[PDB]
Amino acid sequence: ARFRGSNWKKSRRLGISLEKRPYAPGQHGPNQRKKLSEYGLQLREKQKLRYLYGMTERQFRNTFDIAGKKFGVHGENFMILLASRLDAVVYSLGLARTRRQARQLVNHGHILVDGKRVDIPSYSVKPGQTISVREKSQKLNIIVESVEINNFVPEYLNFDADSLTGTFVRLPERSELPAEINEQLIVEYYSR
Amino acid sequence: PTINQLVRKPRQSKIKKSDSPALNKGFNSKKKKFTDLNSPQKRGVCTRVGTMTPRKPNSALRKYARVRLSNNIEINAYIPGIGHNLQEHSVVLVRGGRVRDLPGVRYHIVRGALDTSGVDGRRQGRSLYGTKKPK
Amino acid sequence: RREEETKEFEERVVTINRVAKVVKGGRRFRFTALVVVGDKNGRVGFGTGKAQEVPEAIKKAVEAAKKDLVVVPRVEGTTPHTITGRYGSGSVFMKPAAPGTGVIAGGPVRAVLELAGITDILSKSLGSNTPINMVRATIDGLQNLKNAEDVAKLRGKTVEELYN
Amino acid sequence: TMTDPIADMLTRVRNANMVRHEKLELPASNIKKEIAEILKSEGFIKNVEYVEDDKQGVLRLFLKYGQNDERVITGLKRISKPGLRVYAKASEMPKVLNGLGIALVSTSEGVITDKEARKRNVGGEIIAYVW
Amino acid sequence: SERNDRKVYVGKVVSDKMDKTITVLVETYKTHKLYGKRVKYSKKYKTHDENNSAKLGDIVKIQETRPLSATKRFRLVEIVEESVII
Amino acid sequence: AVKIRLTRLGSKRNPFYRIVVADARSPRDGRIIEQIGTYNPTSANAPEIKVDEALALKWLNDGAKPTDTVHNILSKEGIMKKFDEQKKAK
RNA sequence: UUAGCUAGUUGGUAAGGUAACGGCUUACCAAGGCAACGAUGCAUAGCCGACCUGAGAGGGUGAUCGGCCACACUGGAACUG
RNA sequence: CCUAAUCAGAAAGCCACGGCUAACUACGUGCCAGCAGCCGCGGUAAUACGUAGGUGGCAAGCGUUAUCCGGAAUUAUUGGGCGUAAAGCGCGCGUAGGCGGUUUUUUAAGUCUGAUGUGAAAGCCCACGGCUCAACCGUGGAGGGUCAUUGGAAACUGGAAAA
């Protein structure tokens, strides 16, 4: 159950962007609903980080606690890890219009991480790595459609747009990653 | 207490007790002793199906049944769900769990595993009470 | 003592009870509610009050909250050291933490510490589970908490020879 | 019969804190003089003055108090008490209150504060925390 | 072979009422896993004399020798202190 | 009755044998005495193999019968050359 | 709410026997030995590296995997080696 | 395993929605049927029974049951108490035991400290490498003794001797 939902109703709940948005989903949606307790705030933050990349919880906890291994602060490490996934590297660099397009691009295998075939969106990208587009498939309608627009480029990731080659450079952070979030609540959620 | 007074006694605990006092099953056959075999559930032949009522403040004709188990013990267990496809001499699988209706019954059978067939009168709690997904 | 509405503030309610006074004939009730008040930058205070309605009672609690105030000795987004709070069997225990951990505690004491501007801190409630006593014990622990400069002035020696 | 003199001195010190009196009187001892000297060297004791009369002691110490009459410590107690004696290695030696407080510890070479005891990589039997 | 300085255990005598054999009471004190305090529990090592040389109440040390009889192993090496009623 | 032999340790498809001294009565994957080296049939042609070649000479000089498999690797290494240079010299 | 247990037991001598020391077994002499710091009995149980849990001290378990032990329808015995 | 070709067409559900605990509306029912881990619902307008819609959690898994730990500081050495809440026996004499006034000298058993051997390997942790990644495996490291031997210290505990 990686992704087969509308993914808008959830964003309607969370108030986040990857007419109808002022309301709440469902019949009892648009009118007054319950308040938010601390547990609800923490769950909301968890979902607001998880549905962003479309991965699952049994993977979420593992990704969370493999970020608990290295030194430094905990949250920042968690986000620099979860934005170090393959789909984050593909989309946040500008090879798509949303996060799920990257998932279908990687599971298809259109990308060539280190110029090699890979069939998982969960691989961990690393510095000193490049990424290609399986040059045989560098000219489909969707790919060249998405690349032309200079949507955005952070300074820890590069481009040669005509060559369609991205590459990791430096460890990112919340300062270089858009869609900024709260770290204390989400780490506190996995305490109790 | 003082440290030496604590050395010369092992700091005894308040060891708990079981909630399913027939979680245990005695030696089946070829023996007279009772084994400590543990199980999450036991089968059994029901020698009578009856019905009783709880104490105050609840009021309802609650349906129960006494069952002879594999370990040749005698317990009581109420049948949940709508409708019961049991009677005397009916074998049945049994779970564990207490009900506050009245003591002398602290189990409840499982619906759909044994002779006790699942009731298809439900569509929401189907994975319990033996109901299968309808189409 | 010396309430101020000049700084920024963040009202935060801990609990509400329906509390009753029995008389001949009917049965009179009067809602109650406790609150904690702080600017989450190093200043905090709790509050209590009672009224026949929710908003008036919580307003009373808040207006009485600013009148009792706490200096909150803080350092590096954490408490300077570890302590144990004790007030009327409502014991409580706090301990500093490496950055990135976050406040972990009970609901009321989480609200107390989140609203006093502490980011990363370790603690666990003990003894009684009623919010009021453990919150008051938490504040008592913050009252008898000291920092390096608060002690280095007292002792004849200085900081940089004794430091966390 | 008195089971422990260190317990007596620390109870005298704390009971002097609760009422605040500059002067106190207590039968001295070599370990008592040394720990009093270290107390003065931390900064908690204003002055030290040993006296002699038949036979031991009696160690008279001058307390310390802040300008607003504020007690310097927030607690004081021992760790090594009879029946359950305790010891502490050099690395395992505890940092009570870190720099804030100190940890009096008796070593093969003498009694010193917690710091020097971890610097020299020689531990010993702790006696009392203070903070 | 010569590699062991045999396990020398001091102790005292408890009885002498058997031929060429005594019952040395070795004494030590050992800790507790749960707490960290010390307490002494005794043992009674039987020992092989030559001519019942040791006395009752003596202080002596012993050493590993070999299995000599039914539950008696150690031999004496040197009597430490011998005296009369104190 | 002690011989150089291998103890496989890999999981399902990439086995990882170990070079180690052992008695023939012991299980292949049971107890051992002292480890020397290891073995790996995968990831490289020629494979990657390590060897003590300092205390391994001790066990060959005081007695052991390495299998012909071990003969292959040690002859490729040439320490068994020094072993026979020590033996057949006199 | 398991308080006395032990008579080859404990010690010696001699011999035999065992790869070996040894009441290991014999005959003689002696009455000691074990036990509140828990003998003996009863009941259960193979043990361990570890596994699970816990912040930590601890608590529970002995499935795979490796080490040691005990056993091969039940009881007794011995040849080979 | 790879090449090339073809189709979104074969591939998704389970629990819960009064509080705890994130998630409400209608109808049926009306102390009946039933729910129930607890507090507890239902005798005619049930957000708690059943059903429908909607929603939340989770997922090729999900819920129940049994068992164990945590929570449980509810065996409390770290980390509990004994006026009234369970807990000071009726008290006395006293063995074994536990504990120990002040100072000096001395021993170095405890203690502290260094080395040596050892605590198999696998495992836990750390770092790296290899199976497309992860799982896993390997490598190496640290860690692990209430461990033994031995070189030093003597404040403290202990042994001896002297005030």
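Protein chains in written order, with the numbering used here: chain F, 886 to 1077; chain E, 537 to 671; chain L, 2 to 165; chain A, 102 to 232; chain Z, 16 to 101; chain W, 843 to 932.
Just so it is clear, CB atoms sit at the ideal spot from N, CA and C, and this is done for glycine as well.
(1) Pairing CB atoms from the region 83-90 of chain L with CB atoms from the region 111-129 of chain A, are three or more of them under 8 Å?
(2) Can you tell me where the beta strand (DSSP E) holding residue 32 of chain L begins and where it ends?
(3) In three-state DSSP terms, what is residue 987 of chain F?
(4) Taking residue 102 of chain L as the reference, give the member of F:889, F:890, F:1074 with the closest Cα.
(5) Measure from the C-beta of residue 63 of chain Z to each C-beta in chain E and report whether the shortest distance is under 7 Å.
(6) Any Cβ of chain F within less than 7 Å of the Cβ of residue 133 of chain L?
(7) Could you name the residues that DSSP lists as bridge partners for residue 50 of chain L?
(8) What residues from the region 156-171 of chain A come within 7 Å of chain L, judged by C-beta to C-beta, listed N to C?
(9) Are there 16 or more other CB atoms within 10 angstroms of the CB of residue 967 of chain F, so buried, or fewer, so exposed?
(10) Assuming residue 112 of chain A is part of the beta strand (DSSP E), what are its boundary residues?
(11) For residue 46 of chain L, count the other beta carbons within 10 Å of its own beta carbon; 16 or more makes it buried, fewer makes it exposed. Which is it?
(12) Rounded to the nearest angstrom, what separates residue 56 of chain Z and residue 28 of chain Z at their Cα positions?
(13) Contact criterion: CB-CB distance below 7 Å. Does residue 52 of chain Z meet it with respect to chain A?
(14) So which residues on chain L does residue 959 of chain F lean against when the C-beta distance must stay under 7 Å?
(15) With a threshold of 7 Å between beta-carbons, can residue 105 of chain L be considered close to chain F, or not?
(16) Please state the DSSP three-state secondary structure of residue 1074 of chain F.
(17) Return the CA-CA distance between residue 563 of chain E and residue 625 of chain E, expressed in angstroms with no decimal places.
(18) Under the DSSP definition of a beta bridge, which residues are partnered with residue 168 of chain A?
(19) Given a threshold of 16 other Cβ atoms within 10 Å of its Cβ, counted over all protein chains shown, does residue 94 of chain L qualify as buried or as exposed?
(20) How would you label residue 917 of chain W, buried or exposed, when you count the other beta carbons within 10 angstroms and need 16 or more for buried?
(21) Is it the case that the CB of residue 155 of chain A approaches a heavy atom of the ligand NAD more closely than 6 Å?
(22) Tell whether a beta-carbon distance below 7 Å holds between residue 24 of chain Z and residue 77 of chain Z.
(23) Name the chain A residues whose beta carbon is nearer than 7 Å to that of residue 157 of chain L?
(24) Taking 7 Å as the cut-off, decide whether the C-beta atoms of residue 1051 of chain F and residue 1016 of chain F are in contact.
(25) Suppose the cutoff is 7 Å on Cβ atoms and the five residues either side in sequence are ignored; what does the same chain contact list for residue 76 of chain L look like?
(26) Kindly say whether residue 175 of chain A, judged by its beta-carbon, lies nearer than 7 Å to any beta-carbon of chain L.
(27) So, does the region 615-623 of chain E touch the region 644-661 of chain E, judging by three or more C-beta pairs under 8 Å?
(28) Relative to the C-alpha of residue 988 of chain F, which residue among F:1056, F:998, F:997, F:976 is closest?
(29) Is residue 612 of chain E helix, strand or coil by DSSP?
(30) Have a look at the DSSP bridge pairing and note the partners of residue 1045 of chain F.
(31) Between residue 581 of chain E and the rest of its own chain, which residues show a CB-CB distance below 6 Å, the 5 nearest in sequence each way excluded?
(32) Excluding the 5 residues flanking residue 1004 of chain F on each side, which residues of the same chain have their C-beta closer than 7 Å to its C-beta?
(33) Taking the alpha-carbon positions, what's the residue 866 of chain W to residue 911 of chain W distance?
(34) Grouping DSSP H, G and I as helix and E and B as strand, with all else coil, what is residue 135 of chain A?
(35) Could you give the distance in angstroms between the alpha-carbon of residue 588 of chain E and the alpha-carbon of residue 19 of chain L?
Let me lay it out:
(1) no
(2) Here the beta strand (DSSP E) through residue 32 of chain L covers 28-39.
(3) helix
(4) Looking at the Cα atoms, F:1074 is the closest of the given residues.
(5) No, residue 63 of chain Z lies away from the interface with chain E (no Cβ there is under 7 Å from its Cβ).
(6) no
(7) L:34
(8) 167
(9) buried
(10) Looking at the DSSP string, residue 112 of chain A is not in any beta strand (DSSP E); the run it does join, the alpha helix (DSSP H), is 106-118.
(11) Residue 46 of chain L should be labelled buried.
(12) 16 Å
(13) yes
(14) Here the neighbours are 101, 102.
(15) yes
(16) helix
(17) 23 Å
(18) BP columns for residue 168 of chain A are empty, so no partner.
(19) buried
(20) Residue 917 of chain W comes out exposed.
(21) Ligands displayed in this structure: none; no statement on the ligand NAD is therefore possible.
(22) In this structure, residue 77 of chain Z lies closer than 7 Å to residue 24 of chain Z by Cβ.
(23) 144
(24) Result yes, Cβ atoms of residue 1051 of chain F and residue 1016 of chain F sit closer than 7 Å.
(25) 148
(26) yes
(27) yes
(28) F:976
(29) strand
(30) F:1050
(31) Within the same chain, and ignoring the five residues on either side of residue 581 of chain E in sequence, the residues whose Cβ sits closer than 6 Å to its Cβ are 604, 627.
(32) 992, 994
(33) 15 Å
(34) helix
(35) Taking the straight line from one Cα to the other gives about 39 Å.
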